[PDB]
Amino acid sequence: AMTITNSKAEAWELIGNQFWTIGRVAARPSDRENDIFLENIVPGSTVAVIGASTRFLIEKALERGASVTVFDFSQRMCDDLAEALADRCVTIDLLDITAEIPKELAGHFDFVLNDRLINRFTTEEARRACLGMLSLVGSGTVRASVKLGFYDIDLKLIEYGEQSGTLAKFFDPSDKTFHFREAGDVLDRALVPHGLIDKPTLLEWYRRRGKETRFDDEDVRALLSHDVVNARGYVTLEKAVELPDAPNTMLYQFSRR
């Protein structure tokens, strides 16, 4: 019942294992990218993955010898993941990274990884999230990739919502936040192929997904330097790398010590 405080979790009850079985292939890290997420991580390391959907990244983490805990705010996601890994030794917990971290977990991980999870946030949600990741790692490293600029669907959203003159109703240009459930009829028209998941399932997933903010590189930097994220010590961006396969996707490694 943390789905009361965060109704976005409802969006992922809809999807479950479909995300990595029939979802858009490019919407998860490639083999190479799993490897980049994991560099200099060695057997024995404690690693937290936020997003139980990143099933193959989690599986390379375990194969590498790391002690992996997965966090996700959706019960089905946890359940389908625990099913796919029933033979492996791994901890899977129900948690909302934008909620305040349980004290029993502060500074408990060497690494916190997530792939394009920040894209599932609004700006104030993403600020809270980054704080949570930092809270988890204590003096460890956070590696978080972010997809930059607009999604293909965004381009249909602008177009088909301009012609309709509804664009301002569901898109805020101040920080580039979309409200999908509020484009109404435009959403249906703009939907693009996400692997082999069908239109009814997409539409609903989008509608349940709430608001989402789009980021440019300057936007991710502004987020990381924001007072809310530095409220408990100052943050350091150690590096930022443009990923090979994924779509204009920058991976950011940061910490606060």
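A residue's number is simply how far along the shown sequence it sits, counting from 1.
- In this entry, 201-209 has the higher mean Cα B-factor, the comparison being between 59-67 and 201-209.
- When the two stretches 35-43 and 221-229 are set side by side, the higher mean Cα temperature factor goes to 221-229.
- The residue among 235, 15, 240, 246 whose C-alpha carries the highest B-factor in the deposited model is 15.
- Across the options 88, 120, 128, 108, the residue with the most elevated CA B-factor in the record is 88.
- Residue 195: CA B factor in the middle third of modelled residues in this chain (values from the PDB entry).
- Sort the chain's modelled residues by C-alpha temperature factor and residue 132 lands in the lowest third, per the entry.
- In the deposited entry, the Cα temperature factor of residue 253 places it in the lowest third of its chain's modelled residues.
- When the modelled residues of the chain are ordered by C-alpha B-factor, residue 147 sits in the lowest third.
- Sorting the modelled residues of the chain by their CA temperature factor places residue 183 in the highest third.
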